[PDB]
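Next up: just one chain, as structure tokens, the form deposited in one PDB entry.
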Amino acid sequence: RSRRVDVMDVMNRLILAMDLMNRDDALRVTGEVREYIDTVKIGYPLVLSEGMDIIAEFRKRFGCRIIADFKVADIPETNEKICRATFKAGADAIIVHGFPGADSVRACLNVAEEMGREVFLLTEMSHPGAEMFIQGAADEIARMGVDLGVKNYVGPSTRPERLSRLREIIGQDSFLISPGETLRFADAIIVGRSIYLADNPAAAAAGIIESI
């Protein structure tokens, strides 16, 4: 897929899921692979353990974009506050669940529009438990996002036919990232453990990129 001008440009189409919970380790390993990526996804284990100031620290030390994987899933008023605090801390984007409904998603979109940031809608998950309720709601959640003008989506990380289906629903221009061919549908892939748990993180990242 060619890059679209109106959505984020992710270097090498590779997003590092920096899931380590210790600040020293997270910054050290990210430093080891800084030449391979310019976009890093950070979640709650690291931020709750080390403080939200870690977001700005990554942006300054590496010049990277930060996507806050906070899977926002509260009522509208609370979602608004979570997004505002996250963007105030410097996050370029935030990942939000769609199962709590349209008004909960809209609350996040309102803050992102006000602050000049982005919202990613999580349309589906791939852990086994996702089959109970998430899988059956995925197409409807993706359509809800499209209907509200969402332009960034996070999709499944195990089944290709699921990607083409999500791509079909969201259209050819919206931005789609997928954890884990894939780049024929998704605009970027997210890789974590395969890189940060590797004996040689740099080698792991370089291997993945050359393959891309």
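All residue numbers are counted from 1 along the displayed sequence.
The form deposited with a small molecule bound exists for this protein as well; it is not shown, and the discussion that follows is about that form.
Check: Does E131 reach the small molecule in the entry with it bound if we count a contact as any heavy atom within 4.5 Å?
Finding: It does not: once the small molecule is placed as it appears in the entry with it bound, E131 has no heavy atom within 4.5 Å of it.
Margin query: Considering non-hydrogen atoms and a 4.5 Å limit, does the small molecule approach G145 in the entry with it bound?
Written below: Contact with the small molecule, no.
Check: So, in the entry with it bound, is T182 in contact with the small molecule at a 4.5 angstroms heavy atom limit?
Finding: The answer is no: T182 has no heavy atom within 4.5 Å of the small molecule.
Margin query: So, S126 and the small molecule: in the entry with it bound, are they within 4.5 Å at any heavy atom pair?
Written below: Judged by the heavy-atom cut-off of 4.5 Å, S126 is in contact with the small molecule in the entry with it bound.
Item checked: Stretch from 155 to 163, 168 to 176, 29 to 37, 49 to 57 whose residues place a heavy atom within 4.5 Å of the small molecule in the entry with it bound -> The contacting stretch is 155 to 163.
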